[PDB]
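Peer 1: Below: one structure in structure tokens.
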2 protein chains.
Amino acid sequence: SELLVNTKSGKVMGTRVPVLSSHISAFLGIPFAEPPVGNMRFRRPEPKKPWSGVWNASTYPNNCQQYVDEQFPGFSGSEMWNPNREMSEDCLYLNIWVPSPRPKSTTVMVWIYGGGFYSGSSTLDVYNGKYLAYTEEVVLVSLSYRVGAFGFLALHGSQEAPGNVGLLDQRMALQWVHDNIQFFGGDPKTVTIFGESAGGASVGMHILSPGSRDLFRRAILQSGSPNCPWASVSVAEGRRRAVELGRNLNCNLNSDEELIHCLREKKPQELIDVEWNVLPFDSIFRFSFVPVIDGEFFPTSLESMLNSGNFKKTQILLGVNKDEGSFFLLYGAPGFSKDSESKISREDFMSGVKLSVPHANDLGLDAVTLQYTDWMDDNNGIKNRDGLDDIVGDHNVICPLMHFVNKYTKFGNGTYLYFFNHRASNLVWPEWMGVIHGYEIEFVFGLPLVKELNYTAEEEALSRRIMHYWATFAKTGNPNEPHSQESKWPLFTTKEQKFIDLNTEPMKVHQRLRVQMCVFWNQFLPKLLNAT
Amino acid sequence: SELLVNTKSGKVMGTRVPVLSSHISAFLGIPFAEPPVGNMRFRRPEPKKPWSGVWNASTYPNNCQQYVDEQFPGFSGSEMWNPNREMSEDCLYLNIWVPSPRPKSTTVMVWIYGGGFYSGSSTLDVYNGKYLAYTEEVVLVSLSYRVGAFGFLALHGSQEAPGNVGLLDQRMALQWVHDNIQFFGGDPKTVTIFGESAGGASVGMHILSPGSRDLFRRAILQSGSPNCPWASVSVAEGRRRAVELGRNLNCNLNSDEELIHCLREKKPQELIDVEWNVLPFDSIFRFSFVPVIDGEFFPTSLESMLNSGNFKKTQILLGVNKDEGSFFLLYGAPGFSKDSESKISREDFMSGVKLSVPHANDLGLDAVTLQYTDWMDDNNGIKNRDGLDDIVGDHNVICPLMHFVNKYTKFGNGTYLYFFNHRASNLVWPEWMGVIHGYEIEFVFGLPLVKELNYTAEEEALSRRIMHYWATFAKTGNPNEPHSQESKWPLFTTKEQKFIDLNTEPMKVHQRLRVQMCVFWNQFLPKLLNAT
Ligand SMILES: *[C@@H]1O[C@H](CO)[C@@H](O[C@@H]2O[C@H](CO)[C@@H](O[C@@H]3O[C@H](CO)[C@@H](O)[C@H](O[C@H]4O[C@H](CO)[C@@H](O)[C@H](O)[C@@H]4O)[C@@H]3O)[C@H](O)[C@H]2NC(C)=O)[C@H](O)[C@H]1NC(C)=O
Ligand SMILES: *[C@@H]1O[C@H](CO)[C@@H](O[C@@H]2O[C@H](CO)[C@@H](O[C@@H]3O[C@H](CO)[C@@H](O)[C@H](O[C@H]4O[C@H](CO)[C@@H](O)[C@H](O)[C@@H]4O)[C@@H]3O)[C@H](O)[C@H]2NC(C)=O)[C@H](O)[C@H]1NC(C)=O
Ligand SMILES: *[C@@H]1O[C@H](CO)[C@@H](O[C@@H]2O[C@H](CO)[C@@H](O[C@@H]3O[C@H](CO)[C@@H](O)[C@H](O[C@H]4O[C@H](CO)[C@@H](O)[C@H](O)[C@@H]4O)[C@@H]3O)[C@H](O)[C@H]2NC(C)=O)[C@H](O)[C@H]1NC(C)=O
Ligand SMILES: *[C@@H]1O[C@H](CO)[C@@H](O[C@@H]2O[C@H](CO)[C@@H](O[C@@H]3O[C@H](CO)[C@@H](O)[C@H](O[C@H]4O[C@H](CO)[C@@H](O)[C@H](O)[C@@H]4O)[C@@H]3O)[C@H](O)[C@H]2NC(C)=O)[C@H](O)[C@H]1NC(C)=O
Ligand SMILES: COc1ccc2c(c1)C/C(=C\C1CCN(Cc3ccccc3)CC1)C2=O
Ligand SMILES: COc1ccc2c(c1)C/C(=C\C1CCN(Cc3ccccc3)CC1)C2=O
Ligand SMILES: *[C@@H]1O[C@H](CO[C@@H]2O[C@@H](C)[C@@H](O)[C@@H](O)[C@@H]2O)[C@@H](O)[C@H](O)[C@H]1NC(C)=O
Ligand SMILES: *[C@@H]1O[C@H](CO[C@@H]2O[C@@H](C)[C@@H](O)[C@@H](O)[C@@H]2O)[C@@H](O)[C@H](O)[C@H]1NC(C)=O
């Protein structure tokens with residue numbers, strides 16, 4: 001049968017699913033690790049013991065235990081990111097969408113969800129692989145990994161809570177794809193890993209990590225890069241955060257073993273309830289339990305790895321959205337709210353600045369303020385709002401990514417760079433948020449092809465064209481068709497630094513994406529904070 | 001007789017002079033102090049002992065001993081600034097141009113020449129008072145003062161070389177005008193003092209100095225302000241420079257009295273020959289012997305005086321030229337020369353930056369470079385050239401002036417601000433220098449009215465209109481005619497910060513002159529250099 005697949009772990013039974021007036025197969029909820037429950041909480045994942053019988057893979061699995069957004073109950077804008085299945089510590093599963101009839105050896109795409117390393121789910125409507133599987137004839141995998149303290153509590157030197165376990169979850173699912181995707185008709189030597197935000201940083205981290213590099217062929221990073229200032233912490237900071245998490249829960253803190261034992265007795269929601277209490281600064285775009293620079297997954301500092309060419313050399317496709325900061329100002333910063341234009345006073349600006357760059361002495365806060373202030377018009381509320389949106393976007397997403405790109409491209413085998421700036425016509429978030437972090441995703445997964453979801457014709461065209469860029473790139477290392485009549489996405493090179501806009505207008509090529517501001521953020525400001 | 005005037009110092013005989021098809025009287029070369037020669041070198045000026053007989057005042061006097069520019073022998077562009085009479089330590093004289101017939105009590109204008117405090121002359125063609133005297137019916141005075149070490153050697157604590165003697169020369173000439181101008185038909189209670197560059201800073205300094213304030217009524221400052229970073233030094237720096245001057249001349253340096261005695265035996269040209277050797281940094285727009293912050297002429301720091309309102313409260317008219325830095329890059333900075341376009345390499349830029357901000361650590365040099373670099377186009381040679389022109393202009397002339405203006409206007413009785421950006425059609429300097437420091441002067445003194453000098457009709461109109469603004473302001477405190485039909489130069493106020501362009505186009509009003517860059521220079525950069 002088309003829906004029975006025998007794998008090295010055992011047989012699984014999939015389900016047939018309709019998609020755009022046709023059908024494909026889906027294998028949902030396949031386990032790739034042992035349940036990380038009880039005394040295994042905070043441990044490295046272990047491989048799933050093989051099973052006899054047929055694993056029913058007709059329904060989505062559980063989402064991992066995570067913070068659930070309740071700021072706008074019933075609002076689709078926020079709820080489209082929340083877990084849509086029961087949450088459980090038993091959550092290490094993957095889903096596979098396979099063209100029908102089953103191919104023999106086709107390009108594989110593996111989606112790693114974002115969520116600031118504190119949340120996310122493989123099961124969300126906007127990550128449904130079927131449209132992309134069907135339209136581009138790829139086998140689309142989505143994995144899951146532990147988030148929050150379950151994935152990232154870090155007591156370096158201990159084997160019971162080493163840190164990075166959530167990245168090891170991802171690595172194990174990619175091992176599993178390496179070892180089994182052939183049986184579903186995928187080609188294991190053409191696995192592209194793709195991710196948004198923390199998913200994107202996760203991608204970058206598997207590019208850098210020696211233990212991950214062999215498991216995939218090429219990589220797409222959307223609005224995320226492994227050096228984002230939010231995506232890792234030192235081992236001393238990790239330690240501090242885990243001790244403080246235990247302090248919040250009246251744990252014995254005399255030893256790693258006392259603390260871990262204490263954290264393991266707690267119900268998951270007890271940990272989630274106090275997770276945000278351990279951040280060291282009053283800040284936005286900062287998350288408590290994230291990857292640690294441990295010497296193991298990451299052998300040295302990310303910057304020394306990027307500088308010395310200590311990473312996988314391959315092709316990458318990557319980019320950013322125009323208004324990356326908007327989400328984080330909405331949720332975290334005074335003066336921004338969902339139902340006003342959120343014009344910002346000088347004083348909400350200065351406060352915003354200080355939340356945005358939390359590691360920063362006063363001279364640094366002045367340097368930032370100066371960089372983004374139009375002093376001929378310093379009390380324009382639109383400008384202060386847009387100004388802060390840019391600061392947050394640039395510091396956290398755009399300039400780290402631009403620094404990743406420039407360092408990678410000196411040793412790598414082909415780089416393709418984009419700037420997505422089409423605001424979806426049906427976006428339910430307000431206008432001031434612009435082209436919001438995460439709203440390229442729907443175009444990548446093909447949702448504009450579904451009439452019911454109310455995108456325009458031109459948006460369907462943009463999505464088809466983005467799906468094809470992504471799938472062709474996964475296939476060949478190059479998003480362009482060899483001898484198309486269509487305009488060509490050029491290669492980003494060290495000297496010329498080209499990139500394209502992704503939007504509904506005919507392709508334009510530019511150079512040096514936000515270079516004026518990324519020199520501030522990548523060169524001048526760190527120099528300034530080192531000398532003071 | 002119209003050309004005989006009896007004054008409190010004695011009788012003087014002037015001369016009749018033609019001007020634009022008419023005639024006026026000129027009294028040239030009137031002494032206002034004793035000759036500061038021999039043992040009086042470096043001393044405070046003493047008042048001229050009155051004389052019996054008629055002082056022949058038919059010819060220009062001697063220029064003071066100064067550095068003479070020989071970079072472009074025979075070139076009018078540079079030679080129009082050099083002494084046009086014999087030089088002598090005997091140089092404390094003034095010149096007066098008086099309408100004919102002699103008025104009874106008319107507005108008086110007193111011109112203080114620029115020259116970086118190391119040079120300048122009252123006798124230059126472009127400072128000839130006759131056109132302005134004649135056209136606006138003012139009595140026009142030009143004074144002189146000692147420059148270089150003769151005017152500004154400073155051994156604070158000594159009475160033989162106290163510092164500031166050149167400013168005291170100016171003060172004495174203004175005493176003399178106060179005491180005698182009535183006899184030439186001027187009104188001593190309507191004396192406007194006006195100056196360019198160091199002349200402008202000199203004006204500002206008499207506004208601040210308690211011993212000078214009563215001697216004049218109002219003030220015009222052209223491209224110069226008393227707080228320019230080049231226009232004064234501390235008493236310790238003055239001292240250091242004077243000792244080093246003596247070191248250059250094999251002087252006994254064991255005491256103030258040994259050193260001064262030694263400097264007094266030298267021929268003037270010996271001092272001039274080594275003056276440039278005492279500057280502490282490799283720098284442009286820096287001059288060796290300038291005003292010192294002594295506690296006497298200036299009772300406290302200039303910034304504390306400006307902040308506390310410790311200055312004369314009156315009306316001021318003031319402004320800058322578009323391309324103030326060009327002259328100084330030409331003479332002092334690698335890559336700029338008179339007969340090329342002077343496109344500048346990245347490396348002549350960085351060198352230029354370091355010459356331009358000599359007091360600056362590396363972080364400061366980076367902050368400047370960042371502020372003025374278009375990183376999308378960092379190797380444009382036009383941009384690097386123009387970029388450096390702006391840095392030099394802004395740091396030395398425009399932003400100090402803008403800081404003076406804003407501080408003065410909180411306590412003062414009326415401010416009028418301009419930006420002169422007309423490039424004279426007949427300018428012999430190259431185009432890349434643009435609207436060069438000092439080239440508004442000719443418009444102020446009316447030289448475009450003379451057919452032979454080859455200005456255009458529109459330039460004659462601009463000059464007439466500038467003469468009238470300056471003379472009406474001197475007369476009333478306001479450059480506008482009460483009920484003219486012409487457009488109105490508004491008042492610069494604290495809140496609105498208005499200013500006008502001076503050029504051949506119909507008047508435009510703008511606000512906040514170079515505010516984006518002057519915040520860098522007046523607020524961020526000094527903060528940055530204090531913290532490091
Ligand atoms: C991704 O990697 C692939 C393969 O690693 C890479 O393609 C390679 O390009 C190089 C060019 O640097 C090719 O090397 C050439 O090989 C041919 C014969 O096979 C030689 O004739 C060439 O030498 C001539 O030209 C040289 C200039 O590069 C001169 O130095 C020399 O004196 C000769 O005149 C040259 O050595 C190599 O063959 C391919 N490899 C394959 C399998 O295609 C590709 O460029 C990389 N992509 C990116 C974007 O980096
Ligand atoms: C594509 O576009 C269409 C057209 O704009 C859109 O259809 C609309 O969907 C909403 C459902 O969210 C409908 O609004 C409801 O209408 C009913 C019946 O009149 C009301 O009772 C509802 O009110 C309840 O819910 C509200 C809040 O959610 C409460 O405020 C209130 O108290 C009630 O509880 C509600 O207003 C709207 O009627 C349809 N329009 C049409 C023409 O069908 C559709 O949703 C878009 N498709 C997608 C996938 O977004
Ligand atoms: C330059 O200086 C001159 C003089 O110093 C200055 O003109 C002055 O303006 C002030 C306004 O602040 C005048 O003061 C007024 O005097 C009249 C009567 O003479 C009063 O009626 C006024 O009081 C009324 O209005 C006030 C508002 O300012 C209210 O506070 C009050 O409750 C009353 O309703 C007021 O006291 C002053 O008379 C003139 N002086 C002369 C001689 O003109 C000028 O403004 C200064 N220029 C600049 C640009 O600063
Ligand atoms: C107003 O505009 C006019 C027209 O442009 C201008 O008149 C010109 O002035 C210059 C004087 O500088 C004249 O040039 C000279 O001409 C004579 C005779 O032909 C030459 O011998 C001169 O050459 C000597 O000087 C040169 C350098 O200074 C040397 O390079 C050479 O070896 C010689 O020593 C010199 O070229 C020009 O001829 C006149 N033109 C006219 C039409 O009269 C006038 O100067 C402008 N007015 C003002 C005040 O600027
Ligand atoms: C204590 O709780 C907090 C604190 C801060 C933030 C949040 C919760 C949420 C948040 C920002 C948004 C970021 C975008 N998220 C949607 C999204 C998820 C995954 C990929 C893209 C976008 C929703 C939350 C925050 O910045
Ligand atoms: C060691 O000799 C030096 C060093 C530096 C400079 C100079 C000589 C000259 C100079 C700049 C120009 C500035 C403008 N000066 C013309 C001018 C004088 C008075 C008012 C306006 C313009 C001529 C010299 C300099 O910067
Ligand atoms: C496979 O599972 C399908 C749906 O499973 C759903 O969830 C599980 C946990 C059960 O509780 C089940 O009753 C739910 O509907 C079934 O519809 C399907 O018949 C199953 N097939 C086999 C062979 O087990
Ligand atoms: C006044 O002076 C005029 C010009 O003086 C010139 O310089 C002085 C130092 C003398 O050397 C003189 O010969 C020069 O011409 C004379 O033309 C004028 O006649 C003088 N008048 C009187 C009354 O002395």
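Naming scheme: A, B, ... for chains in displayed order of the structure tokens; residues 1 onward per chain; ligands 1 onward as shown.
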Can you check which residues of segment 26-199 of chain B DSSP gives as alpha helix (DSSP H) on the backbone and send them as number ranges by chain?
Peer 2: B: 76-79, 130-136, 148-152, 165-180, 198-199
Peer 1: Just the selected residues (N, CA, C and O atoms), exported as a tab-separated table (two decimals), in the first residue's frame, please.
Peer 2:
```
chain	number	residue	atom	x	y	z
B	76	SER	N	45.94	85.83	-7.13
B	76	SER	CA	45.10	86.83	-6.41
B	76	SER	C	44.28	86.18	-5.27
B	76	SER	O	44.02	86.81	-4.24
B	77	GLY	N	43.95	84.90	-5.44
B	77	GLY	CA	43.12	84.22	-4.49
B	77	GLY	C	43.71	84.20	-3.11
B	77	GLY	O	42.97	84.24	-2.14
B	78	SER	N	45.04	84.10	-3.05
B	78	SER	CA	45.72	83.95	-1.78
B	78	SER	C	46.34	85.28	-1.38
B	78	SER	O	46.49	85.58	-0.19
B	79	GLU	N	46.78	86.01	-2.38
B	79	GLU	CA	47.44	87.26	-2.13
B	79	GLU	C	46.49	88.39	-1.71
B	79	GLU	O	46.91	89.28	-1.01
B	130	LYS	N	34.74	102.19	1.92
B	130	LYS	CA	34.21	103.35	1.26
B	130	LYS	C	32.91	103.07	0.59
B	130	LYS	O	32.07	103.96	0.55
B	131	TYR	N	32.68	101.84	0.12
B	131	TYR	CA	31.50	101.57	-0.66
B	131	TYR	C	30.35	101.46	0.29
B	131	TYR	O	29.20	101.75	-0.05
B	132	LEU	N	30.65	100.90	1.45
B	132	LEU	CA	29.63	100.65	2.46
B	132	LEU	C	29.31	101.98	3.16
B	132	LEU	O	28.16	102.34	3.26
B	133	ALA	N	30.32	102.71	3.61
B	133	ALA	CA	30.13	104.09	4.08
B	133	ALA	C	29.22	104.92	3.16
B	133	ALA	O	28.19	105.46	3.60
B	134	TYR	N	29.54	104.91	1.87
B	134	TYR	CA	28.85	105.68	0.89
B	134	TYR	C	27.48	105.16	0.61
B	134	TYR	O	26.54	105.94	0.51
B	135	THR	N	27.29	103.85	0.52
B	135	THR	CA	25.99	103.35	0.09
B	135	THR	C	24.95	103.40	1.19
B	135	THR	O	23.76	103.59	0.91
B	136	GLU	N	25.37	103.19	2.43
B	136	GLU	CA	24.43	103.05	3.54
B	136	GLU	C	24.54	104.20	4.49
B	136	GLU	O	23.83	104.22	5.45
B	148	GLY	N	49.60	86.59	16.03
B	148	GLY	CA	50.71	85.71	16.36
B	148	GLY	C	51.21	85.88	17.77
B	148	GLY	O	50.46	86.23	18.70
B	149	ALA	N	52.49	85.62	17.96
B	149	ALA	CA	53.01	85.65	19.29
B	149	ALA	C	53.02	87.08	19.82
B	149	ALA	O	52.92	87.27	21.02
B	150	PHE	N	53.10	88.06	18.93
B	150	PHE	CA	53.11	89.47	19.32
B	150	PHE	C	51.81	89.88	20.00
B	150	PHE	O	51.81	90.72	20.94
B	151	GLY	N	50.71	89.30	19.53
B	151	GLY	CA	49.39	89.52	20.09
B	151	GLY	C	48.93	88.54	21.14
B	151	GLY	O	47.98	88.81	21.85
B	152	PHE	N	49.53	87.35	21.21
B	152	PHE	CA	48.89	86.28	21.95
B	152	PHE	C	49.81	85.32	22.71
B	152	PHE	O	49.34	84.41	23.37
B	165	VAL	N	46.81	90.12	24.61
B	165	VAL	CA	47.10	91.53	24.37
B	165	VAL	C	46.52	92.06	23.08
B	165	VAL	O	46.20	93.31	22.99
B	166	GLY	N	46.28	91.13	22.14
B	166	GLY	CA	45.73	91.48	20.84
B	166	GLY	C	44.25	91.79	20.98
B	166	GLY	O	43.70	92.60	20.25
B	167	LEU	N	43.59	91.11	21.88
B	167	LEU	CA	42.17	91.44	22.16
B	167	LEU	C	42.08	92.82	22.90
B	167	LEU	O	41.21	93.63	22.64
B	168	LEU	N	43.02	93.06	23.79
B	168	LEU	CA	43.13	94.39	24.42
B	168	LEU	C	43.45	95.46	23.39
B	168	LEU	O	42.92	96.50	23.49
B	169	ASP	N	44.24	95.17	22.34
B	169	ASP	CA	44.35	96.14	21.26
B	169	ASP	C	43.00	96.46	20.66
B	169	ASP	O	42.69	97.61	20.28
B	170	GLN	N	42.18	95.47	20.50
B	170	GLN	CA	40.95	95.73	19.82
B	170	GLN	C	40.09	96.63	20.76
B	170	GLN	O	39.40	97.54	20.30
B	171	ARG	N	40.12	96.31	22.04
B	171	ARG	CA	39.35	96.96	23.08
B	171	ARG	C	39.72	98.41	23.15
B	171	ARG	O	38.82	99.22	23.16
B	172	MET	N	41.02	98.72	23.08
B	172	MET	CA	41.47	100.08	23.04
B	172	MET	C	41.03	100.86	21.84
B	172	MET	O	40.93	102.09	21.93
B	173	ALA	N	40.86	100.20	20.70
B	173	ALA	CA	40.48	100.95	19.51
B	173	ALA	C	38.99	101.26	19.66
B	173	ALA	O	38.51	102.28	19.19
B	174	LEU	N	38.27	100.33	20.24
B	174	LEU	CA	36.86	100.53	20.49
B	174	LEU	C	36.66	101.60	21.61
B	174	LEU	O	35.74	102.32	21.53
B	175	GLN	N	37.52	101.66	22.62
B	175	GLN	CA	37.51	102.78	23.57
B	175	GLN	C	37.65	104.07	22.81
B	175	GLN	O	36.83	104.98	22.95
B	176	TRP	N	38.61	104.09	21.89
B	176	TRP	CA	38.92	105.28	21.16
B	176	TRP	C	37.75	105.68	20.29
B	176	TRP	O	37.51	106.87	20.08
B	177	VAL	N	37.05	104.72	19.73
B	177	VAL	CA	35.89	105.02	18.90
B	177	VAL	C	34.77	105.58	19.83
B	177	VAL	O	34.07	106.57	19.53
B	178	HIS	N	34.59	104.90	20.95
B	178	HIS	CA	33.65	105.36	21.94
B	178	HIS	C	33.94	106.84	22.29
B	178	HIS	O	33.10	107.69	22.05
B	179	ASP	N	35.17	107.13	22.65
B	179	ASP	CA	35.54	108.45	23.03
B	179	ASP	C	35.61	109.51	21.89
B	179	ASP	O	35.58	110.71	22.20
B	180	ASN	N	35.76	109.14	20.61
B	180	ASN	CA	36.05	110.16	19.56
B	180	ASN	C	35.23	110.10	18.32
B	180	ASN	O	35.21	111.05	17.53
B	198	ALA	N	38.22	84.71	12.72
B	198	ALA	CA	38.75	85.12	14.02
B	198	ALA	C	38.26	86.52	14.41
B	198	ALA	O	38.35	86.88	15.60
B	199	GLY	N	37.90	87.31	13.41
B	199	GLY	CA	37.28	88.59	13.63
B	199	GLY	C	35.92	88.35	14.29
B	199	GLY	O	35.55	89.05	15.22
```
Peer 1: Could you please extract the residues within 7 Å of ligand 4, counting only C-alpha atoms and all ligand atoms, and hand them back as a PyMOL selection string?
Peer 2: chain B and resi 452-454
Peer 1: Do you know which residues are within 12 Å of ligand 2 using only C-alpha atoms and all ligand atoms? Can you write them as a list in words?
Peer 2: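 The residues near ligand 2 are residues 72, 73, 74, 75, 76, 77, 80, 125, 425, 426, 427, 428, 447, 448, 450, 451, 452, 453, 454, 455 and 456 of chain A.
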Peer 1: Please identify all residues of chain B having at least one atom at most 12 Å from any atom of chain A, considering only C-alpha atoms, and return them as JSON, numbers by chain.
Peer 2: {"B": [361, 362, 363, 364, 365, 366, 367, 368, 369, 370, 371, 372, 373, 374, 375, 376, 377, 378, 496, 497, 498, 510, 511, 512, 513, 514, 515, 516, 517, 518, 519, 520, 521, 523, 524, 525, 526, 527, 528, 529, 530, 531, 532]}
Peer 1: May I have the residues within 12 Å of ligand 8, computed using only C-alpha atoms and all ligand atoms, as a PyMOL selection string?
Peer 2: chain B and resi 3-4+12-15+27-29+53-62+85-86
Peer 1: Could you please determine the separation between atom CA of residue 479 of chain B and atom CA of residue 491 of chain B in Å, to one decimal place?
Peer 2: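 These two atoms are separated by 9.9 Å.
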Peer 1: All residues within 8 Å of ligand 5 are required, counting only C-alpha atoms and all ligand atoms; please report them as a PyMOL selection string.
Peer 2: chain A and resi 67+69+78+81+113-116+119-120+196-198+276+284-287+327-332+437-439
Peer 1: For the selection you just gave me, I'd like the residues written to a file as a compact mmCIF listing (two decimals), in the first residue's frame, keeping C-alpha atoms.
Peer 2:
```txt
# COMPACT_ATOMS: atom_id res chain seq x y z
CA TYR A 67 4.20 29.32 27.16
CA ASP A 69 0.03 33.54 24.35
CA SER A 78 -1.73 35.56 17.76
CA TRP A 81 1.18 30.65 16.63
CA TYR A 113 9.89 25.89 13.65
CA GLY A 114 10.69 29.28 15.28
CA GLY A 115 9.28 30.54 18.62
CA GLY A 116 12.22 32.26 20.37
CA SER A 119 7.70 27.96 22.08
CA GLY A 120 6.56 26.66 18.71
CA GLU A 196 12.21 30.89 10.49
CA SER A 197 13.45 33.09 13.32
CA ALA A 198 14.78 30.71 16.00
CA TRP A 276 10.30 34.89 32.38
CA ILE A 284 12.57 43.02 24.74
CA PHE A 285 13.50 40.29 22.18
CA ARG A 286 15.14 38.20 24.90
CA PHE A 287 14.20 34.70 25.96
CA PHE A 327 5.92 42.15 17.07
CA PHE A 328 8.29 42.60 19.95
CA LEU A 329 7.48 46.26 20.48
CA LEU A 330 3.77 45.37 20.57
CA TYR A 331 4.18 42.78 23.22
CA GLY A 332 7.02 44.32 25.22
CA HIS A 437 8.24 38.92 11.50
CA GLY A 438 6.82 35.51 10.42
CA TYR A 439 4.43 36.65 7.72
```
Peer 1: Pick out the residues no farther than 10 Å from ligand 1, counting only C-alpha atoms and all ligand atoms, and list them as a ChimeraX atom specification.
Peer 2: /A:313-315,409-416,477-478,491-493
Peer 1: Restricting it to N, CA, C and O atoms, dump the selection as a CSV table (one decimal), in the first residue's frame.
Peer 2:
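again.csv written:
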```
chain,number,residue,atom,x,y,z
A,313,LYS,N,30.4,24.0,4.5
A,313,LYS,CA,30.5,24.8,3.2
A,313,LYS,C,29.6,24.3,2.2
A,313,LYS,O,29.8,23.2,1.8
A,314,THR,N,28.6,25.0,1.8
A,314,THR,CA,27.6,24.6,0.9
A,314,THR,C,26.8,25.8,0.4
A,314,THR,O,27.4,26.9,0.5
A,315,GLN,N,25.6,25.7,-0.1
A,315,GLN,CA,24.9,26.8,-0.6
A,315,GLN,C,23.9,27.2,0.5
A,315,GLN,O,23.4,26.3,1.3
A,409,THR,N,29.9,33.8,3.3
A,409,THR,CA,30.2,33.9,1.9
A,409,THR,C,31.6,33.9,1.4
A,409,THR,O,31.9,33.5,0.3
A,410,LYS,N,32.6,34.2,2.3
A,410,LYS,CA,34.0,34.1,2.1
A,410,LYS,C,34.4,32.6,2.0
A,410,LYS,O,35.5,32.5,1.4
A,411,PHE,N,33.8,31.7,2.6
A,411,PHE,CA,34.2,30.2,2.6
A,411,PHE,C,33.2,29.3,1.9
A,411,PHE,O,33.5,28.2,1.6
A,412,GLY,N,32.0,29.8,1.6
A,412,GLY,CA,30.8,29.0,1.3
A,412,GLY,C,30.8,28.8,-0.2
A,412,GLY,O,31.6,29.4,-0.9
A,413,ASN,N,29.8,28.0,-0.7
A,413,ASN,CA,29.8,27.6,-2.1
A,413,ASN,C,28.6,28.2,-2.8
A,413,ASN,O,28.2,27.7,-3.9
A,414,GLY,N,28.0,29.3,-2.3
A,414,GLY,CA,26.9,30.0,-3.1
A,414,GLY,C,25.9,30.6,-2.1
A,414,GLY,O,25.3,29.8,-1.3
A,415,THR,N,25.6,31.9,-2.2
A,415,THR,CA,24.7,32.5,-1.3
A,415,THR,C,23.7,33.2,-2.1
A,415,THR,O,24.0,33.9,-3.0
A,416,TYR,N,22.4,33.1,-1.7
A,416,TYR,CA,21.4,33.8,-2.2
A,416,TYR,C,20.6,34.6,-1.2
A,416,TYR,O,20.1,34.0,-0.2
A,477,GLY,N,20.8,23.7,-5.4
A,477,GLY,CA,21.8,24.7,-4.9
A,477,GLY,C,21.6,26.0,-5.5
A,477,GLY,O,22.3,27.0,-5.3
A,478,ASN,N,20.5,26.2,-6.3
A,478,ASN,CA,20.3,27.5,-7.1
A,478,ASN,C,18.8,27.7,-7.3
A,478,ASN,O,18.1,26.9,-7.8
A,491,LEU,N,23.6,35.9,-7.5
A,491,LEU,CA,24.4,35.4,-6.4
A,491,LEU,C,24.8,36.6,-5.6
A,491,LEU,O,25.2,37.6,-6.1
A,492,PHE,N,24.8,36.4,-4.3
A,492,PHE,CA,25.4,37.4,-3.4
A,492,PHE,C,26.9,37.0,-3.3
A,492,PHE,O,27.2,36.0,-2.9
A,493,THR,N,27.7,38.0,-3.7
A,493,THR,CA,29.2,37.8,-3.6
A,493,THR,C,29.8,38.8,-2.7
A,493,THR,O,29.2,39.8,-2.4
```
Peer 1: For ligand 3, which residue among B:95, B:340, B:494, B:304 is the nearest when counting only C-alpha atoms and all ligand atoms?
Peer 2: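 Among the listed residues, B:494 lies closest to ligand 3.
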Peer 1: Measuring atom to atom with only C-alpha atoms, identify which of A:164, A:248, A:6, A:321 is nearest to residue 297 of chain A.
Peer 2: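 Closest candidate: A:164.
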